[PDB]
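Below is protein.txt, which holds compact mmCIF, C-alpha atoms and all ligand atoms.
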# COMPACT_ATOMS: atom_id res chain seq x y z
CA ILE A 1 22.60 -15.11 -1.18
CA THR A 2 24.06 -17.47 1.38
CA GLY A 3 25.52 -15.65 4.37
CA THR A 4 24.90 -14.71 7.98
CA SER A 5 22.20 -12.37 9.22
CA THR A 6 23.47 -8.98 10.32
CA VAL A 7 22.05 -5.63 11.41
CA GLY A 8 23.05 -2.47 9.57
CA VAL A 9 22.13 1.12 10.28
CA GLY A 10 21.29 3.98 7.97
CA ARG A 11 19.12 6.98 7.18
CA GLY A 12 15.94 7.00 5.13
CA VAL A 13 14.65 9.49 2.60
CA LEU A 14 13.34 11.85 5.30
CA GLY A 15 16.60 11.81 7.29
CA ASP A 16 15.49 9.41 10.02
CA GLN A 17 17.92 6.80 11.37
CA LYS A 18 16.83 3.17 11.42
CA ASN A 19 18.28 -0.33 11.75
CA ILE A 20 17.93 -2.73 8.83
CA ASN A 21 18.34 -6.45 8.49
CA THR A 22 21.18 -7.34 6.17
CA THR A 23 23.19 -10.42 5.13
CA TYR A 24 26.98 -10.66 5.22
CA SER A 25 29.01 -12.57 2.65
CA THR A 26 32.01 -10.44 1.64
CA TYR A 27 29.62 -7.49 1.27
CA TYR A 28 26.62 -6.56 3.39
CA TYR A 29 23.51 -7.07 1.27
CA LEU A 30 20.01 -5.70 1.70
CA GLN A 31 18.62 -9.16 2.39
CA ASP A 32 16.50 -9.55 5.53
CA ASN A 33 16.36 -13.21 6.55
CA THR A 34 14.18 -12.59 9.61
CA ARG A 35 10.91 -12.45 7.66
CA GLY A 36 9.58 -15.38 5.63
CA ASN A 37 11.86 -16.42 2.81
CA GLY A 38 13.48 -13.04 2.82
CA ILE A 39 13.09 -9.40 1.85
CA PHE A 40 15.53 -8.39 -0.90
CA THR A 41 16.24 -4.85 -2.10
CA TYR A 42 17.91 -4.09 -5.42
CA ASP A 43 19.61 -1.16 -7.15
CA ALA A 44 18.14 -0.40 -10.61
CA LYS A 45 20.91 2.26 -11.07
CA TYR A 46 18.68 4.78 -12.88
CA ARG A 47 17.86 2.23 -15.59
CA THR A 48 14.72 0.24 -16.37
CA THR A 49 16.08 -3.31 -16.48
CA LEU A 50 14.71 -5.24 -13.47
CA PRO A 51 15.43 -6.18 -10.81
CA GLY A 52 18.96 -4.82 -11.17
CA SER A 53 21.60 -5.87 -8.66
CA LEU A 54 21.04 -7.02 -5.11
CA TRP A 55 22.06 -4.05 -2.99
CA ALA A 56 25.66 -4.49 -1.80
CA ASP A 57 27.44 -2.29 0.76
CA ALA A 58 31.01 -2.53 2.09
CA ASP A 59 30.50 -1.55 5.75
CA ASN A 60 26.84 -2.15 6.75
CA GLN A 61 26.31 1.62 7.17
CA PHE A 62 23.73 3.21 4.90
CA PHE A 63 24.00 6.98 5.42
CA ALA A 64 24.76 8.13 1.87
CA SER A 65 22.11 10.07 -0.02
CA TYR A 66 22.13 7.31 -2.66
CA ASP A 67 21.36 4.74 0.06
CA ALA A 68 18.26 6.44 1.46
CA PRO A 69 15.61 5.08 -0.93
CA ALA A 70 16.96 1.56 -0.44
CA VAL A 71 16.93 1.85 3.35
CA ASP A 72 13.26 2.82 3.29
CA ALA A 73 12.11 0.33 0.65
CA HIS A 74 13.75 -2.41 2.68
CA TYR A 75 12.56 -1.27 6.11
CA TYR A 76 8.99 -0.44 5.10
CA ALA A 77 8.63 -3.78 3.32
CA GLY A 78 9.49 -5.30 6.70
CA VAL A 79 6.85 -3.22 8.46
CA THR A 80 4.26 -4.22 5.85
CA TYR A 81 5.20 -7.90 6.19
CA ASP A 82 4.77 -7.56 9.95
CA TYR A 83 1.34 -5.94 9.55
CA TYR A 84 0.01 -8.74 7.35
CA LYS A 85 1.50 -11.48 9.56
CA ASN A 86 0.63 -10.03 12.99
CA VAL A 87 -2.77 -8.54 12.14
CA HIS A 88 -4.14 -10.93 9.46
CA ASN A 89 -2.08 -14.09 9.95
CA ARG A 90 -0.90 -13.78 6.34
CA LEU A 91 2.64 -14.85 5.49
CA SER A 92 3.90 -12.55 2.74
CA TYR A 93 1.90 -11.63 -0.33
CA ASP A 94 1.16 -15.21 -1.47
CA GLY A 95 0.37 -16.52 2.01
CA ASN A 96 3.34 -18.91 1.80
CA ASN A 97 6.21 -16.58 2.65
CA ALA A 98 7.23 -15.69 -0.92
CA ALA A 99 10.42 -13.65 -1.09
CA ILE A 100 9.65 -9.95 -1.29
CA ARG A 101 11.73 -8.08 -3.88
CA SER A 102 11.99 -4.31 -4.43
CA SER A 103 14.07 -2.18 -6.78
CA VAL A 104 14.92 1.47 -6.18
CA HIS A 105 16.50 4.14 -8.34
CA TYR A 106 14.26 2.99 -11.20
CA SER A 107 14.71 5.14 -14.31
CA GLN A 108 15.48 8.89 -14.15
CA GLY A 109 13.21 11.41 -12.49
CA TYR A 110 10.51 8.77 -12.29
CA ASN A 111 7.35 10.03 -10.60
CA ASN A 112 5.77 6.70 -9.72
CA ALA A 113 6.01 3.30 -8.06
CA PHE A 114 4.41 0.00 -9.07
CA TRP A 115 4.15 -3.77 -8.70
CA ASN A 116 5.25 -5.29 -12.01
CA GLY A 117 3.67 -8.70 -11.47
CA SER A 118 6.72 -10.04 -9.59
CA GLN A 119 8.31 -7.21 -7.54
CA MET A 120 7.94 -3.65 -6.26
CA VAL A 121 9.58 -0.81 -8.19
CA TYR A 122 10.25 2.74 -6.96
CA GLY A 123 11.26 5.86 -8.85
CA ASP A 124 13.33 8.61 -7.32
CA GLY A 125 10.92 11.32 -8.43
CA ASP A 126 12.00 14.46 -10.26
CA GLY A 127 12.61 16.37 -7.02
CA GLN A 128 9.58 18.61 -7.59
CA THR A 129 6.54 16.37 -7.94
CA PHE A 130 8.11 13.62 -5.79
CA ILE A 131 11.15 12.74 -3.74
CA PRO A 132 12.11 9.03 -3.76
CA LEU A 133 8.80 7.26 -3.40
CA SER A 134 9.87 4.52 -0.98
CA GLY A 135 10.08 7.30 1.65
CA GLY A 136 6.32 6.88 2.16
CA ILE A 137 5.23 3.95 4.28
CA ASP A 138 1.73 4.20 2.79
CA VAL A 139 3.33 4.02 -0.68
CA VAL A 140 5.35 0.90 0.12
CA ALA A 141 2.32 -0.78 1.67
CA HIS A 142 0.14 0.33 -1.29
CA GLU A 143 2.55 -1.45 -3.63
CA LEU A 144 2.89 -4.65 -1.61
CA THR A 145 -0.89 -4.73 -1.27
CA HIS A 146 -1.17 -4.89 -5.07
CA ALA A 147 0.70 -8.21 -4.82
CA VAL A 148 -1.70 -9.40 -2.08
CA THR A 149 -4.66 -8.47 -4.26
CA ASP A 150 -3.22 -10.21 -7.31
CA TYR A 151 -2.69 -13.43 -5.34
CA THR A 152 -6.19 -13.34 -3.77
CA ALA A 153 -9.19 -11.57 -5.34
CA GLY A 154 -7.24 -10.91 -8.54
CA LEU A 155 -9.19 -7.73 -9.30
CA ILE A 156 -8.69 -6.83 -12.97
CA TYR A 157 -6.95 -3.43 -13.27
CA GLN A 158 -9.65 -1.49 -15.10
CA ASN A 159 -13.03 0.11 -14.51
CA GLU A 160 -14.82 -0.75 -11.24
CA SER A 161 -12.75 -3.83 -10.34
CA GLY A 162 -9.64 -1.74 -10.92
CA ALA A 163 -10.92 1.07 -8.72
CA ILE A 164 -11.56 -1.51 -5.98
CA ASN A 165 -8.02 -2.81 -6.54
CA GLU A 166 -6.67 0.72 -6.06
CA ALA A 167 -8.80 1.43 -3.02
CA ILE A 168 -7.69 -1.84 -1.40
CA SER A 169 -4.08 -0.64 -1.80
CA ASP A 170 -4.91 2.82 -0.37
CA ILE A 171 -6.85 1.27 2.53
CA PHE A 172 -4.13 -1.15 3.58
CA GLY A 173 -1.44 1.43 2.79
CA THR A 174 -3.15 3.65 5.35
CA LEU A 175 -3.74 0.88 7.88
CA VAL A 176 -0.03 0.01 7.70
CA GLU A 177 0.81 3.68 8.21
CA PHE A 178 -1.37 3.67 11.34
CA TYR A 179 0.22 0.37 12.46
CA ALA A 180 3.69 1.99 12.37
CA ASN A 181 2.10 5.00 14.12
CA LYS A 182 4.38 7.75 12.80
CA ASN A 183 2.36 10.78 11.66
CA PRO A 184 -0.55 8.62 10.53
CA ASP A 185 -3.38 10.07 8.47
CA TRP A 186 -5.99 9.14 5.84
CA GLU A 187 -4.07 10.86 3.02
CA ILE A 188 -1.93 9.06 0.44
CA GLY A 189 1.72 9.83 -0.30
CA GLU A 190 2.03 13.02 1.72
CA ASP A 191 5.55 12.14 2.91
CA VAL A 192 7.02 12.07 -0.61
CA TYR A 193 4.73 14.33 -2.67
CA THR A 194 5.70 17.92 -3.56
CA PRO A 195 8.56 18.75 -1.16
CA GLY A 196 7.96 22.44 -1.89
CA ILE A 197 4.27 22.43 -0.82
CA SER A 198 3.19 21.57 2.73
CA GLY A 199 -0.11 19.97 3.64
CA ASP A 200 -1.00 18.28 0.36
CA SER A 201 -1.08 14.69 -0.85
CA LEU A 202 -1.89 12.59 -3.90
CA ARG A 203 -5.32 11.50 -2.72
CA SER A 204 -7.45 11.89 0.38
CA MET A 205 -9.60 9.05 1.73
CA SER A 206 -11.37 11.36 4.19
CA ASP A 207 -12.29 13.88 1.49
CA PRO A 208 -11.46 12.57 -2.00
CA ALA A 209 -13.02 15.66 -3.56
CA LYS A 210 -10.27 17.87 -2.16
CA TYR A 211 -8.09 16.62 -5.07
CA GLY A 212 -10.96 16.30 -7.56
CA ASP A 213 -11.74 12.62 -6.97
CA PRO A 214 -15.35 11.42 -6.61
CA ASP A 215 -16.88 10.77 -3.20
CA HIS A 216 -20.20 9.45 -4.48
CA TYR A 217 -21.14 6.94 -7.18
CA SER A 218 -23.10 9.62 -9.07
CA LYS A 219 -19.77 11.41 -9.66
CA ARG A 220 -17.91 8.39 -11.00
CA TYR A 221 -15.64 8.77 -14.04
CA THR A 222 -16.67 6.66 -17.05
CA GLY A 223 -14.09 7.63 -19.65
CA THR A 224 -11.01 5.73 -20.75
CA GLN A 225 -8.13 7.56 -19.06
CA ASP A 226 -6.31 5.89 -16.20
CA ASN A 227 -7.59 2.41 -17.11
CA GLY A 228 -11.16 3.68 -16.78
CA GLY A 229 -10.41 5.83 -13.74
CA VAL A 230 -8.87 3.30 -11.36
CA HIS A 231 -7.07 6.03 -9.33
CA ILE A 232 -10.09 8.33 -9.59
CA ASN A 233 -13.09 6.13 -8.77
CA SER A 234 -11.07 4.60 -5.93
CA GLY A 235 -12.22 7.74 -4.07
CA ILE A 236 -15.74 6.37 -3.80
CA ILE A 237 -14.52 3.23 -2.04
CA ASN A 238 -11.86 5.05 -0.02
CA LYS A 239 -14.57 7.33 1.29
CA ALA A 240 -16.74 4.36 2.24
CA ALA A 241 -13.81 2.78 4.10
CA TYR A 242 -13.02 6.02 5.91
CA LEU A 243 -16.66 6.36 6.99
CA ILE A 244 -16.80 2.74 8.21
CA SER A 245 -13.75 3.38 10.39
CA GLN A 246 -14.22 6.99 11.52
CA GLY A 247 -17.91 7.73 11.00
CA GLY A 248 -19.47 10.91 9.71
CA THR A 249 -22.45 12.37 7.88
CA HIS A 250 -21.93 12.48 4.12
CA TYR A 251 -24.57 13.81 1.71
CA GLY A 252 -26.95 13.67 4.67
CA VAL A 253 -26.30 9.99 5.49
CA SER A 254 -24.90 9.32 8.97
CA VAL A 255 -22.43 6.48 9.55
CA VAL A 256 -21.45 5.16 12.98
CA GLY A 257 -17.69 4.51 12.97
CA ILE A 258 -16.38 1.13 14.16
CA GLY A 259 -12.63 1.84 14.08
CA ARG A 260 -9.61 0.93 11.96
CA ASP A 261 -9.06 -2.57 13.26
CA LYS A 262 -12.57 -3.69 12.33
CA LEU A 263 -12.35 -1.91 8.97
CA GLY A 264 -9.20 -3.93 8.28
CA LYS A 265 -10.74 -7.24 9.34
CA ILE A 266 -13.83 -6.66 7.20
CA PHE A 267 -11.92 -5.62 4.09
CA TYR A 268 -9.23 -8.28 4.49
CA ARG A 269 -11.92 -10.96 4.68
CA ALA A 270 -13.76 -9.45 1.69
CA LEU A 271 -10.53 -9.39 -0.33
CA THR A 272 -9.52 -12.96 0.47
CA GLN A 273 -12.88 -14.81 0.71
CA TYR A 274 -15.46 -12.97 -1.45
CA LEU A 275 -14.10 -10.63 -4.11
CA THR A 276 -13.33 -12.02 -7.57
CA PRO A 277 -11.40 -10.63 -10.54
CA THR A 278 -14.51 -8.99 -12.01
CA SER A 279 -16.17 -7.66 -8.83
CA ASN A 280 -17.93 -4.31 -9.23
CA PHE A 281 -18.80 -1.76 -6.53
CA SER A 282 -22.19 -3.34 -5.78
CA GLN A 283 -20.51 -6.73 -5.39
CA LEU A 284 -17.91 -5.18 -3.06
CA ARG A 285 -20.74 -3.86 -0.88
CA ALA A 286 -22.20 -7.38 -0.75
CA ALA A 287 -18.79 -8.87 0.04
CA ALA A 288 -18.20 -6.36 2.86
CA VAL A 289 -21.66 -6.94 4.34
CA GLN A 290 -21.11 -10.70 4.27
CA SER A 291 -17.63 -10.36 5.77
CA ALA A 292 -18.94 -8.20 8.61
CA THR A 293 -21.77 -10.71 9.12
CA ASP A 294 -19.26 -13.57 9.39
CA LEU A 295 -17.10 -11.69 11.88
CA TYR A 296 -19.66 -9.82 14.01
CA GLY A 297 -23.14 -11.21 13.29
CA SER A 298 -26.01 -10.18 11.04
CA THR A 299 -27.57 -7.93 13.72
CA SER A 300 -24.29 -6.24 14.60
CA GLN A 301 -23.40 -2.57 14.58
CA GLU A 302 -20.53 -3.47 12.25
CA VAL A 303 -22.91 -4.77 9.58
CA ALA A 304 -25.17 -1.74 10.02
CA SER A 305 -22.24 0.65 9.61
CA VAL A 306 -20.99 -1.07 6.44
CA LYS A 307 -24.46 -0.61 4.92
CA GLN A 308 -24.61 3.04 6.05
CA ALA A 309 -21.20 3.79 4.51
CA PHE A 310 -22.02 2.29 1.12
CA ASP A 311 -25.41 4.09 1.21
CA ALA A 312 -23.57 7.36 1.88
CA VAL A 313 -21.44 6.98 -1.26
CA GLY A 314 -24.39 5.86 -3.40
CA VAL A 315 -23.43 2.20 -3.83
CA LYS A 316 -26.28 -0.29 -3.49
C1 LIG B 1 0.83 5.37 -4.01
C2 LIG B 1 1.42 6.15 -5.18
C3 LIG B 1 2.58 7.05 -4.74
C4 LIG B 1 1.84 5.25 -6.36
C5 LIG B 1 0.67 4.57 -7.10
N1 LIG B 1 1.26 3.68 -8.10
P1 LIG B 1 0.45 2.33 -8.64
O1 LIG B 1 0.97 1.06 -8.03
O2 LIG B 1 -1.01 2.52 -8.36
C6 LIG B 1 0.82 2.40 -10.40
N2 LIG B 1 0.57 1.16 -11.11
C7 LIG B 1 0.12 1.05 -12.33
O3 LIG B 1 -0.10 1.94 -13.07
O4 LIG B 1 -0.15 -0.21 -12.85
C8 LIG B 1 0.13 -0.48 -14.22
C9 LIG B 1 0.89 -1.78 -14.29
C10 LIG B 1 0.19 -2.96 -14.49
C11 LIG B 1 0.85 -4.19 -14.55
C12 LIG B 1 2.22 -4.21 -14.45
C13 LIG B 1 2.93 -3.02 -14.26
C14 LIG B 1 2.28 -1.81 -14.18
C15 LIG B 1 -0.25 5.63 -7.68
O5 LIG B 1 -1.25 5.98 -7.05
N3 LIG B 1 0.14 6.14 -8.86
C16 LIG B 1 -0.60 7.20 -9.56
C17 LIG B 1 -0.85 6.77 -10.98
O6 LIG B 1 -0.05 5.93 -11.50
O7 LIG B 1 -1.83 7.27 -11.55
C18 LIG B 1 0.16 8.57 -9.43
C19 LIG B 1 1.54 8.59 -10.07
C20 LIG B 1 0.30 8.87 -7.91
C21 LIG B 1 -0.66 9.72 -10.05
CA CA B 2 28.11 1.93 3.48
CA CA B 3 1.37 10.41 7.34
CA CA B 4 -0.60 8.77 4.54
CA CA B 5 3.93 18.19 -0.39
ZN ZN B 6 -1.91 1.37 -7.03
Show me the file's structure as structure tokens.
Amino acid sequence: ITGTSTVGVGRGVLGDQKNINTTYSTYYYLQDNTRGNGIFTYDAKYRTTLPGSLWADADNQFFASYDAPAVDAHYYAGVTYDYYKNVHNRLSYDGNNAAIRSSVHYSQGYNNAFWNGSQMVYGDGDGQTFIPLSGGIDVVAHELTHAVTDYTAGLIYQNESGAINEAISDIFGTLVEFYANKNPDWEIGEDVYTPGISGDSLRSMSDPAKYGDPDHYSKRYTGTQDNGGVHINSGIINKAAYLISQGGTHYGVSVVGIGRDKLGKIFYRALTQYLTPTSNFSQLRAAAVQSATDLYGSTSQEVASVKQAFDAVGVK
């Protein structure tokens, strides 16, 4: 909408106070004009029609329980925008400052979040499996990264390309979480998963097997569930990424870590310059090696470590 840029204040899903960029025109809307062509947050009102209504508030204060998922969807979209712009010189998901749209309060007791081809969508959770999913910065960044992937490599959402797609979203979800630097880790969704159980998460990049996901190509899933295991086989690539960044010895193969920033540069370049819609794991290895070669040189430690990491997870 047309209006003037304002700054509201509210509380997120975890009870933390934050400022948010709003727009005033009769109401205060969750419309942040400070980033690209805007970040817009909508109320789906427990229904499934999208996007719903642009979030309107009378007083620019967002402290109601009902407000919390909107505050976080809006704020964490801003953090994710900032990560891509400041770290990778990418302007929004399409590289041309496309408006970023999110809807919260999607459906009833909805234990998921997704990119629907055009916007981000967040359930509230059922209160047991999940609390409102926009409370997780890694979740918000995971979702926006699906848009980045779709506009770039275009990895088809099934089988190995789909597992790469998923891992890309977990990798950048995590790198955004580290960028914001509040309780960062290499787990996925820990801030919103199972409020009654401490110390768990949906997936682990550092040890995928802790939640039953494969950490080696010989353990890949080849059945039909989950689009051919896109959230399962992502563990193989997540583990490779974790090893590239942090190092370790895995099934007897030692990897020299090169740190998060270089992991991000290598994978961002692979995603945007080398991967294609049908890339498989072997082709991802080749894309990562080439990306590291471009950035650091063929004789570099960075190239050597990429090779070691893919060796460790059984991908040649
Ligand atoms: C980070 C996490 C909190 C949320 C994450 N959602 P997504 O974006 O990968 C789900 N997207 C999806 O299924 O794409 C289908 C589609 C395709 C095209 C248009 C619209 C929809 C996830 O990991 N979900 C898991 C699962 O769905 O298996 C879950 C529930 C954690 C077990
Ligand atoms: Ca209010
Ligand atoms: Ca965390
Ligand atoms: Ca995390
Ligand atoms: Ca938990
Ligand atoms: Zn995903």
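The spacing separating atom CA of residue 139 of chain A from atom CA of residue 189 of chain A amounts to 6.0 Å.
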- Taking all atoms listed in the file into account, report as a ChimeraX atom specification which residues have an atom no farther than 12 Å from an atom of ligand CA 4 (chain B). /A:135-142,169-193,199-206
- If you measure from atom CA of residue 28 of chain A to atom CA of residue 56 of chain A, what distance in Å do you get, rounded to one decimal?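 Computed distance, atom CA of residue 28 of chain A to atom CA of residue 56 of chain A, equals 5.7 Å.
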Quick one: residues within 9 Å of ligand ZN 6 (chain B), with only C-alpha atoms and all ligand atoms, as a compact mmCIF listing (two decimals) with C-alpha atoms, in the coordinates of the input?
# COMPACT_ATOMS: atom_id res chain seq x y z
CA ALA A 113 6.01 3.30 -8.06
CA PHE A 114 4.41 0.00 -9.07
CA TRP A 115 4.15 -3.77 -8.70
CA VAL A 139 3.33 4.02 -0.68
CA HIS A 142 0.14 0.33 -1.29
CA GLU A 143 2.55 -1.45 -3.63
CA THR A 145 -0.89 -4.73 -1.27
CA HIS A 146 -1.17 -4.89 -5.07
CA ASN A 165 -8.02 -2.81 -6.54
CA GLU A 166 -6.67 0.72 -6.06
CA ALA A 167 -8.80 1.43 -3.02
CA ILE A 168 -7.69 -1.84 -1.40
CA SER A 169 -4.08 -0.64 -1.80
CA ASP A 170 -4.91 2.82 -0.37
CA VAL A 230 -8.87 3.30 -11.36
CA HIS A 231 -7.07 6.03 -9.33
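Between atom CA of residue 21 of chain A and atom CA of residue 8 of chain A the interatomic distance comes to 6.3 Å.
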Excluding segment 155-158 of chain A and any residue of its chain fewer than 5 positions from it, enumerate the residues within 8 Å of it, using only C-alpha atoms, and give them as a PDB file with C-alpha atoms, keeping the file's coordinate frame.
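Final file, result19.pdb:
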ATOM      1  CA  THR A 149      -4.660  -8.470  -4.260  1.00  0.00           C
ATOM      2  CA  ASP A 150      -3.220 -10.210  -7.310  1.00  0.00           C
ATOM      3  CA  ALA A 163     -10.920   1.070  -8.720  1.00  0.00           C
ATOM      4  CA  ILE A 164     -11.560  -1.510  -5.980  1.00  0.00           C
ATOM      5  CA  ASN A 165      -8.020  -2.810  -6.540  1.00  0.00           C
ATOM      6  CA  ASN A 227      -7.590   2.410 -17.110  1.00  0.00           C
ATOM      7  CA  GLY A 228     -11.160   3.680 -16.780  1.00  0.00           C
ATOM      8  CA  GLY A 229     -10.410   5.830 -13.740  1.00  0.00           C
ATOM      9  CA  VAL A 230      -8.870   3.300 -11.360  1.00  0.00           C
ATOM     10  CA  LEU A 275     -14.100 -10.630  -4.110  1.00  0.00           C
ATOM     11  CA  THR A 276     -13.330 -12.020  -7.570  1.00  0.00           C
ATOM     12  CA  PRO A 277     -11.400 -10.630 -10.540  1.00  0.00           C
ATOM     13  CA  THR A 278     -14.510  -8.990 -12.010  1.00  0.00           C
ATOM     14  CA  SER A 279     -16.170  -7.660  -8.830  1.00  0.00           C
TER      15      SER A 279
END
- Taking into account all atoms listed in the file, which residue in the set A:300, A:37, A:273, A:65 is nearest to residue 100 of chain A?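 Smallest separation from residue 100 of chain A among the options: A:37.
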- For residue 19 of chain A, list every protein, DNA or RNA residue within 8 Å, evaluated using all atoms listed in the file, and leave out those in the same chain fewer than 4 positions away; present the list as a PyMOL selection string. chain A and resi 7-10
Could the residues in this selection be written to a file with C-alpha atoms, as a PDB file, in the frame of the given file?
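Below is the file out27.pdb, written as the result:
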ATOM      1  CA  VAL A   7      22.050  -5.630  11.410  1.00  0.00           C
ATOM      2  CA  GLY A   8      23.050  -2.470   9.570  1.00  0.00           C
ATOM      3  CA  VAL A   9      22.130   1.120  10.280  1.00  0.00           C
ATOM      4  CA  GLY A  10      21.290   3.980   7.970  1.00  0.00           C
TER       5      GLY A  10
END
- Do a neighbour search on residue 264 of chain A at 9 Å with all atoms listed in the file, toss out local chain neighbours closer than 4 positions, and write the hits as a list in words.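 Once the adjacent positions are removed, what remains is residues 87, 88, 171, 172, 175, 245, 259, 260, 268 and 269 of chain A.
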